[PDB]
Amino acid sequence: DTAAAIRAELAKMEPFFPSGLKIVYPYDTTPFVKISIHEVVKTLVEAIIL
Amino acid sequence: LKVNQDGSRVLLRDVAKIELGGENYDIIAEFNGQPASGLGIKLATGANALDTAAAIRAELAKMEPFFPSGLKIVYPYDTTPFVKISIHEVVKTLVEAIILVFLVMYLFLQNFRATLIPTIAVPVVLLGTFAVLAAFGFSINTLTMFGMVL
Amino acid sequence: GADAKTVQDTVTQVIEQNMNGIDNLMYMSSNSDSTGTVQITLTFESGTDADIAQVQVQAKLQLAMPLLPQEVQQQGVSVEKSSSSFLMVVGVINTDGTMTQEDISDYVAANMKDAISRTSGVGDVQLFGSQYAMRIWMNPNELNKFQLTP
Amino acid sequence: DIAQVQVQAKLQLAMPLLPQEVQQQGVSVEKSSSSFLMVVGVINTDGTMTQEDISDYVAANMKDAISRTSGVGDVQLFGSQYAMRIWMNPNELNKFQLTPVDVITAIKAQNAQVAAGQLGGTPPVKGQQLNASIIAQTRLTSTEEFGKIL
Amino acid sequence: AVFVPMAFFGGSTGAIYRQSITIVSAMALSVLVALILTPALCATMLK
Amino acid sequence: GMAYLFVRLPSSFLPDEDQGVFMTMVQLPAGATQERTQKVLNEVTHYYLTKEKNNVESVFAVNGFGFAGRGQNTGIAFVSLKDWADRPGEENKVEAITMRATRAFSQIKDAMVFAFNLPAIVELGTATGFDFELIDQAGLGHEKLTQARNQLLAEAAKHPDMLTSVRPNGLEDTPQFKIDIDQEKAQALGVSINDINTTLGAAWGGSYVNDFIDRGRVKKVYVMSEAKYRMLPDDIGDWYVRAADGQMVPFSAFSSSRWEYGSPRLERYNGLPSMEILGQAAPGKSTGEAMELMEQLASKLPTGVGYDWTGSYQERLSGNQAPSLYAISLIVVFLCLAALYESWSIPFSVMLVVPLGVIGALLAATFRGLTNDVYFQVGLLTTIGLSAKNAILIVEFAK
Amino acid sequence: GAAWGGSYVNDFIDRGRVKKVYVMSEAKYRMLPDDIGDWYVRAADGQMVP
Ligand SMILES: CCNc1cc2oc3c/c(=[NH+]/CC)c(C)cc-3c(-c3ccccc3C(=O)OCC)c2cc1C
Ligand SMILES: CCNc1cc2oc3c/c(=[NH+]/CC)c(C)cc-3c(-c3ccccc3C(=O)OCC)c2cc1C
Numbered sequence: 001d002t003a004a005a006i007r008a009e010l011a012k013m014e015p016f017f018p019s020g021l022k023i024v025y026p027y028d029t030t031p032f033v034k035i036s037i038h039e040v041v042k043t044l045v046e047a048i049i050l
Numbered sequence: 051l052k053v054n055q056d057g058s059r060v061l062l063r064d065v066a067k068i069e070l071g072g073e074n075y076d077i078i079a080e081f082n083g084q085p086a087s088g089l090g091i092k093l094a095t096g097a098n099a100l101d102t103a104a105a106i107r108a109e110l111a112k113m114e115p116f117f118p119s120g121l122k123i124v125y126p127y128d129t130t131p132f133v134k135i136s137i138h139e140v141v142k143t144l145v146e147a148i149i150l151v152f153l154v155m156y157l158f159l160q161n162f163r164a165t166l167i168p169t170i171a172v173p174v175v176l177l178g179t180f181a182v183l184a185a186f187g188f189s190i191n192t193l194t195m196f197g198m199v200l
Numbered sequence: 201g202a203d204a205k206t207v208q209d210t211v212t213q214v215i216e217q218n219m220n221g222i223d224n225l226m227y228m229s230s231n232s233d234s235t236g237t238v239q240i241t242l243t244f245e246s247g248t249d250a251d252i253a254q255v256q257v258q259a260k261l262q263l264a265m266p267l268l269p270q271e272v273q274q275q276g277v278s279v280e281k282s283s284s285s286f287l288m289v290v291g292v293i294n295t296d297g298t299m300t301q302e303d304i305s306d307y308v309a310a311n312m313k314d315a316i317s318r319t320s321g322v323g324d325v326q327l328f329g330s331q332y333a334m335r336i337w338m339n340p341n342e343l344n345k346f347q348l349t350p
Numbered sequence: 351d352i353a354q355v356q357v358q359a360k361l362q363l364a365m366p367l368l369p370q371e372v373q374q375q376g377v378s379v380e381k382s383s384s385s386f387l388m389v390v391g392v393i394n395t396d397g398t399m400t401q402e403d404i405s406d407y408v409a410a411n412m413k414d415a416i417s418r419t420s421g422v423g424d425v426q427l428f429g430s431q432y433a434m435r436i437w438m439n440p441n442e443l444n445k446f447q448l449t450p451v452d453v454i455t456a457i458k459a460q461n462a463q464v465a466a467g468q469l470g471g472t473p474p475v476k477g478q479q480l481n482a483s484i485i486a487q488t489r490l491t492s493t494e495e496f497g498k499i500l
Numbered sequence: 501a502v503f504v505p506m507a508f509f510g511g512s513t514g515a516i517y518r519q520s521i522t523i524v525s526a527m528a529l530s531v532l533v534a535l536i537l538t539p540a541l542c543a544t545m546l547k
Numbered sequence: 548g549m550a551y552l553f554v555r556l557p558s559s560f561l562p563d564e565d566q567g568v569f570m571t572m573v574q575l576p577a578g579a580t581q582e583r584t585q586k587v588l589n590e591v592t593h594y595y596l597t598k599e600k601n602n603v604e605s606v607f608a609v610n611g612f613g614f615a616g617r618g619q620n621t622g623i624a625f626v627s628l629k630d631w632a633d634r635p636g637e638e639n640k641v642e643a644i645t646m647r648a649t650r651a652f653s654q655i656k657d658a659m660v661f662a663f664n665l666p667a668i669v670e671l672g673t674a675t676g677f678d679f680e681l682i683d684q685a686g687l688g689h690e691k692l693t694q695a696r697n698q699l700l701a702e703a704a705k706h707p708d709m710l711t712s713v714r715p716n717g718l719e720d721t722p723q724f725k726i727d728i729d730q731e732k733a734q735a736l737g738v739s740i741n742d743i744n745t746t747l748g749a750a751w752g753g754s755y756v757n758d759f760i761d762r763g764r765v766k767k768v769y770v771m772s773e774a775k776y777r778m779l780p781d782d783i784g785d786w787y788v789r790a791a792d793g794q795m796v797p798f799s800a801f802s803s804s805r806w807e808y809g810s811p812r813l814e815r816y817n818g819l820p821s822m823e824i825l826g827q828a829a830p831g832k833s834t835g836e837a838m839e840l841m842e843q844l845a846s847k848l849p850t851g852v853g854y855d856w857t858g859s860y861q862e863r864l865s866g867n868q869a870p871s872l873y874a875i876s877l878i879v880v881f882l883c884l885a886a887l888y889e890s891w892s893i894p895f896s897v898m899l900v901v902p903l904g905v906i907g908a909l910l911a912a913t914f915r916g917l918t919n920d921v922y923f924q925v926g927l928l929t930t931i932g933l934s935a936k937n938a939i940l941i942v943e944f945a946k
Numbered sequence: 947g948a949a950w951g952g953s954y955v956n957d958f959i960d961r962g963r964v965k966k967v968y969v970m971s972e973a974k975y976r977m978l979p980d981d982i983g984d985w986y987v988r989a990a991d992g993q994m995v996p
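Quick mapping for you: the protein sequence lines, in order, are chains A, B, C, D, E, F and G. Using this note's numbering, read the first sequence as starting at 1 and increasing by one per residue. Using this note's numbering, read the second sequence as starting at 51 and increasing by one per residue. Using this note's numbering, read the third sequence as starting at 201 and increasing by one per residue. Using this note's numbering, read the fourth sequence as starting at 351 and increasing by one per residue. Using this note's numbering, read the fifth sequence as starting at 501 and increasing by one per residue. Using this note's numbering, read the sixth sequence as starting at 548 and increasing by one per residue. Using this note's numbering, read the seventh sequence as starting at 947 and increasing by one per residue.
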């Protein structure tokens with residue numbers, strides 16, 4: 001949620017950059033959480049169907 | 051400051067005026083067009099307001115007896131009595147909604163006893179509500195006193 | 201003494217680049233006056249502790265006290281709890297042994313103001329006047345008369 | 351929240367046993383987590399600029415916001431914020447007979463803001479029509495103005 | 501239910517729609533008093 | 548009808564009551580003095596004393612302290628009315644007292660004096676009201692932002708619809724007497740720049756020197772000057788700094804007198820400069836509408852000028868909350884009417900007594916001068932409980 | 947100290963924001979041990995001393 005609000009400030013900053021300035025995302029934790037719900041709540045549903 | 055050649059001493063009074071006056075003249079209050087000062091106390095963000103105002107008088111009361119001649123306290127802008135009106139006009143309304151209920155209970159049932167059961171069935175419930183809000187965190191609020199009437 | 205532009209970046213701005221790494225926060229605002237007076241407000245979430253939302257703030261501010269003047273440092277910096285409004289306002293006047301709106305403001309802040317503000321959780325007190333001070337009014341003609349400066 | 355605080359109030363009973371080189375430099379008590387999570391790179395594609403111009407704009411627009419936002423422990427810049435940088439030549443110092451102590455003195459004098467008072471001051475003369483704030487020295491702005499120090 | 505889910509407060513109007521609960525204590529104590537006691541007193545003493 | 552008696556019934560949050568204590572504030576134009584504003588606070592003290600003996604018990608005015616901020620331009624007279632028993636009618640109650648007060652201060656005056664109510668609450672939640680703010684997102688300055696804020700106040704009152712009421716907070720923008728000290732002129736004659744700055748600072752604006760002890764207690768010692776040598780621009784040249792060569796030098800030597808336009812209240816929002824925009828929702832439209840027809844007026848502004856809302860609100864009450872509340876309030880009511888009943892049919896009897904008791908509730912609110920605030924909203928929820936009660940008897944005894 | 951390692955002198959204002967002012971030396975007069983003798987301190991008798 002702290003990482004979701006890192007983008008909160010960053011998003012209001014985007015529109016006022018000079019020419020060329022663009023954001024990029026290396027080393028980032030976020031999507032690992034998105035994979036651990038979507039592959040477990042998926043496994044959840046596989047253990048019902050089964 | 052100095053000692054000019056001939057032994058004449060320059061003092062701080064000789065170059066400047068010296069009066070015992072305020073460190074800030076930017077503000078000056080009047081009370082009914084009379085010269086005055088005072089204390090505008092502001093709340094402590096989560097404090098117990100009316101008990102804090104009761105203890106504003108606690109210190110002030112011990113200070114009263116040692117003033118010089120003429121110094122007297124006065125009370126403009128003050129919250130206190132609004133709380134005293136919201137209990138005394140709600141706990142009054144409380145009692146008006148019992149006396150009134152008593153009559154509806156008699157006009158339908160002439161049994162004096164039957165217009166007694168409900169007259170004791172609500173004072174007790176009222177009280178139990180005080181004990182839950184004490185054991186939850188809240189107070190006798192303007193809100194939670196209208197909730198005792200509703 | 202300082203004007204609005206002066207306080208805006210000799211105190212205000214410094215504190216703002218050192219007003220970070222704090223638990224809970226919605227927004228920060230600020231005012232910088234031509235009277236030489238600044239005051240920041242850090243608002244927090246609803247139901248948050250006022251006892252801890254303080255502290256952090258005045259330890260972050262204080263990592264920025266030695267980036268400032270002295271005119272400001274030895275002057276009263278103050279982190280306090282806010283409530284935009286007053287409640288008890290205690291006027292103080294004279295009837296008999298008559299005195300001035302200056303003598304009264306001193307006695308209020310040299311007997312009772314120190315007590316009140318500490319008593320039963322007061323946020324912050326505002327004097328309606330000023331406490332006394334050994335005031336000096338330098339004459340620039342009598343400074344040049346003996347060859348001297350402030 | 352409390353394991354902090356105490357620490358930076360104990361540290362702070364030892365700040366005036368230190369240099370100034372250190373005091374006015376950034377001392378910081380913060381919350382730790384040996385690791386990063388979000389790391390936001392910042393680059394240029396069109397209007398091309400340097401790894402120096404970018405580090406300044408990151409720390410003069412977004413770094414101040416991020417660090418205060420949603421409970422950030424501590425932020426680390428991958429570069430540095432801009433500064434009026436000066437590269438003293440030791441041959442051209444001996445050329446006019448000078449040291450780095452004389453350059454430093456010239457910047458703590460011309461590059462400085464002063465708190466000059468105000469016309470129609472705090473205690474004026476009863477009947478003055480105006481009241482405006484005096485300005486004097488202002489903090490320098492650009493590379494050109496720091497080039498013209500005497 | 502008319503009362504306490506409505507008493508799930510949202511922000512600056514915290515103790516406003518929240519402080520039902522004040523109400524609800526009164527509802528569940530009127531239930532208690534009516535399930536206990538009012539039964540008793542009626543039997544105890546009526547006509 | 549139940550719908551039409553509800554949508555058209557406007558939404559408040561909390562009523563503005565007689566608290567036995569109201570107040571009234573003062574504000575003077577560009578660079579007024581303590582002597583100017585005191586004349587105004589004097590005229591205000593009359594309306595409440597001479598023309599309002601029956602209703603006002605006491606006044607308590609203050610010279611140079613508004614609830615905006617500080618300075619000799621401002622003021623404030625706190626009021627403490629007489630007890631409620633001695634004030635009988637609506638005429639002699641806050642609303643009407645501050646009404647004819649505002650007329651009298653807009654009639655025989657020549658500055659900015661108001662009077663106002665004392666909500667309870669805090670400052671926020673006026674309802675049909677807002678607080679915009681305007682930010683310097685790029686590297687502009689004060690002069691450039693000033694103009695952008697002038698342009699948003701303009702376009703607001705240039706196409707309203709269904710009008711509106713916009714205005715700034717307290718950036719009046721007055722002159723400032725700058726003094727340019729030429730450094731080459733100074734060193735020539737032999738004066739230290741330190742000595743010059745603490746002559747200008749410890750004379751005109753004061754200087755914290757030391758602490759002394761008066762009558763047991765420790766207070767402060769301040770150094771400045773008699774008032775008569777620091778009231779005009781011509782009085783700067785009367786101050787003679789000393790040079791290293793033991794001879795006096797006036798300010799007129801190295802100084803340069805000239806006026807300049809600046810601001811007496813620089814506001815900043817979230818690490819960057821800003822200016823406050825206290826507007827008010829239209830008498831027709833209301834808030835959600837007004838605020839969203841203010842965001843398209845701020846995106847139409849020039850480059851490096853963003854926006855953000857202080858400080859309004861965080862999602863309201865008869866706004867987006869009320870729904871969610873009622874919503875669940877149903878899904879439980881129906882359930883529990885099945886935990887003691889079984890059907891389905893029994894709940895749907897109770898589940899449309901709702902509008903029976905409601906059309907009446909609205910009728911009385913919509914009819915009298917009241918509105919959908921908090922107290923009314925819970926008068927509703929009370930009655931779904933009293934309708935369930937009555938109905939449930941019709942359904943319980945009959946089944 | 948203010949040549950080889952830098953010195954925090956004062957604060958200035960660049961483009962609205964307040965930043966720092968640092969004083970040091972061109973890189974070419976502080977890269978080797980022999981470059982120490984190029985720095986001439988001034989004495990009370992108005993003559994240079996290396
Ligand atoms: C004889 C039966 N004994 C009870 C004993 C209890 O001991 C408690 C000890 C504690 N130890 C110190 C860490 C804390 C924090 C809360 C307690 C509560 C409590 C817990 C949840 C919500 C409200 C309350 C509560 O009672 O709130 C207001 C009174 C409590 C309640 C009852 C019935
Ligand atoms: C035709 C009668 N005219 C009225 C004229 C009014 O003019 C106002 C001007 C202002 N001037 C700029 C400094 C400010 C700040 C508030 C005002 C309010 C106001 C004051 C206290 C609480 C709420 C509101 C209020 O109306 O809040 C939301 C709309 C106001 C209210 C009424 C009835």
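For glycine and all other residues, C-beta sits at the position ideal for the given N, C-alpha and C.
Kindly indicate if chain B contains any beta-carbon less than 7 Å away from that of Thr395 (chain D). no
Let me know if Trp437 (chain D) comes out buried or exposed under the rule of 16 or more other beta-carbons within 10 Å of its beta-carbon. exposed
What is the rounded straight-line gap between the Cα of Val355 (chain D) and the Cα of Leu89 (chain B)? 32 Å
Taking C-beta to C-beta, are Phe81 (chain B) and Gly291 (chain C) nearer than 7 Å? yes
Quick one: using the 10 Å Cβ neighbour count with 16 as the cut-off for buried, is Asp633 (chain F) buried or exposed? exposed
Applying a beta-carbon distance threshold of less than 8 Å, which residues of chain B neighbour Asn610 (chain F)? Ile77, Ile78, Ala79 and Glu80
If we ignore side chains and look at the alpha-carbon of each, how far apart do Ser558 (chain F) and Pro715 (chain F) end up? 26 Å
Nearest-angstrom Cα distance between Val154 (chain B) and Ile148 (chain B)? 10 Å
Between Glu670 (chain F) and chain C, is the shortest Cβ-Cβ distance under 7 Å, so that the two count as touching? yes
Indicate, with yes or no, if ligand 1 has a heavy atom lying under 6 Å from the CB of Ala185 (chain B). yes
I need the straight-line Cα distance from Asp742 (chain F) to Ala749 (chain F), nearest angstrom please. 10 Å
Tell me the DSSP secondary structure of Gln213 (chain C) in three-state form. helix
Option in D:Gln431, D:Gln487 and D:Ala456 with minimal Cα separation from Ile499 (chain D): D:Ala456
From B:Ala103, B:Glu114, B:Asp101 and B:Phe162, residue whose alpha carbon lies closest to that of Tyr307 (chain C): B:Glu114
So for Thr513 (chain E), helix, strand or coil by DSSP? strand
Between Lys732 (chain F) and chain D, is the shortest Cβ-Cβ distance under 7 Å, so that the two count as touching? no
At what residue ranges does the stretch 818-901 of chain F contain a whole run of the beta strand (DSSP E), taking only runs of 3 or more? 819-824
What is the rounded straight-line gap between the Cα of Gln84 (chain B) and the Cα of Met549 (chain F)? 58 Å
So does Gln254 (chain C) have its beta carbon nearer than 6 Å to some heavy atom of ligand 2? no
Can you look up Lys656 (chain F) in the DSSP assignment and give me helix, strand or coil? coil
Where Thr398 (chain D) falls: helix, strand or coil (DSSP): coil
Mind pulling the chain D residues with CB within less than 8 Å of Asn74 (chain B)? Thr472
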